[PDB]
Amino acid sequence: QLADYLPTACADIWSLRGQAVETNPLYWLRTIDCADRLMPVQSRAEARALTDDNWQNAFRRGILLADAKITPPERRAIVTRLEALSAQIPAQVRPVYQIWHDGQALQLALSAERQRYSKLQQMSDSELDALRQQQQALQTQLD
């Protein structure tokens, strides 16, 4: 039987500290639910009130900044830092972190696929332009 931190207000959830809250999966579940309700300007403001010296603050910061319109390099650094400290996460919290990490990894894969698409778009047009110029040369020669 665990404590229920879900009814905790989203305005006060980012102020709770201690081992009692940081080992409860229902607390971390509430932080993700509360961060999903915030706008990018509020998420970054709450993230500025946190550091990343330990796994607790790094998890809070990553949860807040995930939807704060960050760049793919910024999301990759957040995931990499948490993956290095994920061994310190208690076992009861890890299922929450694993689901959150899988979503962030899918966002990184999505951004990587967007970049591959634009690279193909530019590669295709560059190859099409070369054949076009060769066609214009032959057409002018025939004319």
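Just count from 1 along the sequence shown to find any residue number.
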{"item": "Higher-scoring stretch by recorded Cα B factor average, 51-59 or 25-33", "value": "51-59"}
{"item": "Comparing 105-113 with 78-86, the one whose average Cα B-factor in the PDB entry is higher", "value": "78-86"}
{"item": "Chain-wide C-alpha B factor ranking for residue 99, given as lowest, middle or highest third", "value": "lowest"}
{"item": "For residue 120, the third of its chain into which the C-alpha B factor falls", "value": "lowest"}
{"item": "CA B-factor placement of residue 39, once the chain's modelled residues are sorted into thirds", "value": "lowest"}
{"item": "Third of chain Cα B-factors occupied by residue 68", "value": "middle"}
